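Beneath this line is the structure, given in structure tokens, with notes to follow.
Values in this text are rule-based calculations from the coordinates and carry no lab data. Don't worry about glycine lacking a Cβ; one is built from the backbone with ideal geometry, like all the others, and counts go over all protein chains shown.
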Amino acid sequence: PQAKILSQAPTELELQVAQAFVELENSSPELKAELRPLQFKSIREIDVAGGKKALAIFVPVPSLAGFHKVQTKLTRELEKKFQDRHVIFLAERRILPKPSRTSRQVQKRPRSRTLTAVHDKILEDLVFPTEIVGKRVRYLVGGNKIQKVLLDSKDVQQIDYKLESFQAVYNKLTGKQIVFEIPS
Amino acid sequence: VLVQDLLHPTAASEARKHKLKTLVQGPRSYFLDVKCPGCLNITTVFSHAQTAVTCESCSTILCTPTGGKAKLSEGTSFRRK
Amino acid sequence: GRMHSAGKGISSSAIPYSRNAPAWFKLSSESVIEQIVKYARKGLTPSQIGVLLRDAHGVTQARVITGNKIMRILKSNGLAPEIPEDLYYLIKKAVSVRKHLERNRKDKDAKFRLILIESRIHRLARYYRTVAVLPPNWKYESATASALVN
Amino acid sequence: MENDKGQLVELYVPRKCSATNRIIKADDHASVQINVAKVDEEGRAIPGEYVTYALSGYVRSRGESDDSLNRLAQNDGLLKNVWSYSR
Amino acid sequence: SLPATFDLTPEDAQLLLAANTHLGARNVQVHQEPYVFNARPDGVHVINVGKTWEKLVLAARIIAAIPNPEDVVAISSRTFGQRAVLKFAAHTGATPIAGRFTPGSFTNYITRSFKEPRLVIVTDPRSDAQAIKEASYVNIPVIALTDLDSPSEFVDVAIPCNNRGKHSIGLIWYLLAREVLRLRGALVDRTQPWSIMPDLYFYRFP
Amino acid sequence: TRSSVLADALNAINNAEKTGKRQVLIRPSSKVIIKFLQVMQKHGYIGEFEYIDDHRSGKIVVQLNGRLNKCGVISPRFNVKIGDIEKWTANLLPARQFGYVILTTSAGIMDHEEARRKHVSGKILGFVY
RNA sequence: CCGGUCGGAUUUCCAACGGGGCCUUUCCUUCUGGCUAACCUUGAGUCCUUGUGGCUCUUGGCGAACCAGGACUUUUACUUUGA
């Protein structure tokens, strides 16, 4: 209940959300089985432009499909539990470097560990459960370059108030700029 | 014309171009939820489907294939996807 | 622009944009990966499988709903044919014109539509030999026309 | 163009077009230049003030002149709702 | 930058739809496709009248911006216009041209008919292009009364009309002639209607 | 059939700036198209551009000012030494004080003044004025 | 910029233009020896406010410069500088 949900991570600020995890768990008798066997790796906190903060959960990789079946109806439970926050659900990928010409030969890296193959996934989980329908990258005159993410138009009322916070976490993790844009 | 916004084309003209030659291409087909009077069960079906399908239980013909789009049979109802 | 012709048309399917399942799919990968092998035992190509799967059970692409392609699934379960499928169809087409020739001899025309069909087989066979899915002594011949499939 | 000391040493700098930024030389004898009249609060016209447009020789010959007027004028608030970017 | 007194009067457009001037020809060309509102199921296309007035005040903002009011020239060669040009040029001061244009009259100063204008206003540039083509040699801007079968080469600000009816050719001169005087200060108030009957500008033969 | 992608990604530009348009549409994009474009953009010859992607190889939509006379490509990419830039530059360019020829060089794709003060050389790629 | 003057200093700051360096999920891939400076280990000499202070003495952990054995590691084309 306390050292369960983590994996070698003693820090109180997620121990309380572990405490928050079991408090919704035991009050959910029809769910406490399927809310049980999950875990998460770590967590981090960052501030947004709405005068408040946000949360990013780090989950071990193959448990992503496990989290997504319950992803909706636990999200706002912490939002009413803890205030002025925004909880984000991210996986935890791994990026091998690129072998230079004069380098000692190791096993050849599969494509799923390449730097441009993590970041395009690290958008897609972050905007769950709505879908991306197209992208554009814009090349300015002053040598700077920002992108643009066309989202879908169905469930966006769940997420539309978080789009400023989304630009914070993606800027912090990468160093890139994103303007979300929902056509009709 | 000499000046035109190529990146935000009008939806009224995109409907007329060829399947390939729009901005980002895609299908113009869909899927139907057809029902038979007898078995009263559902079966998804392609629109331009080229094999004459039948229900799994009520072994009765459903959609004759020809040309470019399949023609449905009579005495049946349908609904998009 | 049509090798061994002079036509210039363009008409294929146009693959949709999303690399995910549609929201109107209500099944599992396990409950669909076995209908592929359930028709492989009926002796079907990949080509007949997918069109039968799409027009009946609504799977748009096995590529996206299961993690693999069709032939990869069939190779893992040992249901794979020996000769690759496209090459086999040029062979079967090549005998039907050959069988016509034992009954016809005053056709100067369709003599010179067989040297075209045979020419596309050496093109196919160089590639399959080089990537090594055919053993490097595979050769086609008129005697091996009436030998390996016939 | 100007020398080491600093003074301009052309003969005289020529007029750029306004629809396509070309350059209009001394034998472009279809190079129209057009003024319109500013307006008054009562609804009259000032006799001395203008807004000036210069159109090249070849945006007129192809026939692309009037649309290039409507594009150019509407940025300066002369018209409203007669030209549209997303065609 | 033009106040609400310059907006379209509901009384004004009552004339235009009465005058049947919102019926284009049955074959658009590729340059005038912004001017078409919608096609009728009969086969005709309906001009956008709110566009044909918005590009009507613009021409008068060019005609009023000239020093000498005898440097405008207005031309027709069809029968249907060559009264309306005269009463236009009557009480404005332009130098009208009716009937036949003689060739080489904007070049070749040894003719007696030699002129050196500042604008040119044509009606039907299909069957009138001699004045169009010669003005291309000597830096003369031009204004036309364009149909939807109108070769719009060399032609700047272009009033969309119906060049088939008889009222509709005349009326556009009249509303142009009404508006050019208001800008000069020769009238008093925008909101008062014009004292002259607009049927004066028409054409009639026994 | 389609052999060089860059060679007709610059043939699409000046073919639709001789007619005085303002924007063009390129297809397919490339990693060496974009960097050729990014050196005609830090010198002012073109405006800005956008990259579509459609999961195959994207298109590009470029915005042209008024300032290009010609941009081009040199098709065997030969091997420029370092004493031989100034014979390539006395032949391709209209005058001695403007225009550029750009190179693929072991420290990136750059123009020919920028390669002088870094003291490198490489293979030729094209020109712009 | 500053000259400050019985053209050369620049106290001193600015624009560019090229170069290092670290940190960001991320570059030589290491090993054993000496080996030299360097942090430190049992701990003071050394001399400065008195020191397990370093400097450096003593045992002891090391990275750290150099020689020597290695130890293994796809291969070219082109271009830069040298003999």
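For this structure, a couple of remarks:
- Size descriptors for chain E, from the alpha-carbon set: Rg then Dmax equal 16.9, 55 Å.
- Under 14 Å, Cβ to Cβ, from F:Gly126 - net charge with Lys/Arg +1 and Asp/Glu -1: +2
- Per residue, the average separation of C-alpha pairs within less than 8 Å and at least 6 apart gives region F:1-68 a relative contact order of 35 percent.
- Dividing the C-alpha radius of gyration of the protein assembly as shown by 2.2 N^0.38 Å, with N its residue count, gives 1.29.
- Longest site-free stretch - chain C; sites: chymotrypsin sites (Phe, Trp or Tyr not before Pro), DSSP loop, at most 16 other Cβ within 10 Å: C:26-111
- Inter-probe distance in nm under a simple model that places probes 7 Å from Cα toward Cβ, at C:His4 and D:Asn21: 5.4 nm
- Put in order of Cβ neighbour count within 10 Å, fewest first, the listed residues C:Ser13, D:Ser61 become C:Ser13, D:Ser61.
- Two-decimal ratio, region C:81-150, of alpha-carbon radius of gyration to 2.2 N^0.38 Å: 1.18
- The shape of chain B can be summarised by an equivalent ellipsoid whose semi-axes, obtained from the alpha carbon gyration tensor, come to 38, 12, 9 Å from longest to shortest.
- Residues of type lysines that E:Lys87 reaches as a straight line, Cα spacing below 28 Å, ignoring anything fewer than 8 places off in the same chain: D:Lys38, E:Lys51, E:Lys55, E:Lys115, E:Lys133, E:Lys166
- Sum of side-chain charges, E:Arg190 neighbourhood, beta-carbon under 15 Å (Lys, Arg +1; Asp, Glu -1): -3
- Neighbourhood charge, 10 Å Cβ-Cβ cut-off, centred on C:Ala23 and excluding it, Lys, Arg +1 and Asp, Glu -1: +2
- Cα-based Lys proximity count in region A:1-119, under 16 Å, for pairs eight or more positions apart or on separate chains: 10
- The trypsin sites (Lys or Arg not before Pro) found in region A:44-143 that occupy coil by DSSP, while having at most 11 further C-beta atoms within 10 Å, are A:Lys69, A:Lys73, A:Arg94, A:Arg101, A:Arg104, A:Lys108.
- Cβ neighbours within 10 Å from other chains - mean over E:142-150: 1
- Across peptide B:29-37, the average count of Cβ atoms from other chains found within 10 Å of a residue's Cβ is 1.
- Most mobile of A:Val48, A:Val156, A:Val106 in a GNM of chain A (Cα contacts under 10 Å): A:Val106
- GNM result for chain E, Cα springs below 10 Å: residue of E:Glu11, E:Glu54, E:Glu153 fluctuating most strongly: E:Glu11
- Relative exposure of A:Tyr161, F:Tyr100, D:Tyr58, judged by other C-beta atoms within 10 Å (fewest first): A:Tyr161, D:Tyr58, F:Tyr100
- Across D:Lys5/F:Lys42; A:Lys154/B:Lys35; C:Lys92/C:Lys139, pairs whose alpha-carbon gap is larger than 19 Å: D:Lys5/F:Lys42; A:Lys154/B:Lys35
- Less than 5 angstrom separates the built amide H of A:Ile88 from those of A:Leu55, A:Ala56, A:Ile57, all sequence-distant by 5 or more or on a different chain.
- Dividing the summed helix terms, -39500 (n - 2.57) for each DSSP H run of n ≥ 4, by the number of residues in chain A produces a 222 nm estimate of -7500 deg cm²/dmol to the nearest 500.
- Rounded tilt (10° steps) of D:65-75 against the dominant C-alpha axis of chain D: 80 degrees
- The calculated P(r) of region F:1-68, using every Cα pair and 10 Å bins from 0, goes 20, 57, 21, 1 in percent.
- Ordering A:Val61, A:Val70, F:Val24 by the number of other Cβ atoms within 10 Å of each residue's own Cβ, fewest first, gives A:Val61, A:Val70, F:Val24.
- The three principal axes of the C-alpha atoms in chain C carry coordinate ranges of 60, 37, 31 Å, sorted with the longest axis first.
- Other protein chain Cβ atoms within 10 Å, averaged over every residue that makes up D:63-75: 6
- Secondary-structure-derived ellipticity at 222 nm for chain C, considering helices only, amounts to -14500 deg cm²/dmol, per-run term -39500 (n - 2.57) for DSSP H runs with n ≥ 4.
- Coordinate range along principal axes, alpha carbons of chain F, Å, largest first: 42, 30, 27
- Most fluctuating residue given options B:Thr60, B:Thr43, B:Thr22, as computed from a GNM of chain B linking Cα atoms under 10 Å: B:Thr22
- DSSP-loop chymotrypsin sites (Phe, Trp or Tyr not before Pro) across chain B, with at most 10 other Cβ within 10 angstrom: B:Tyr30
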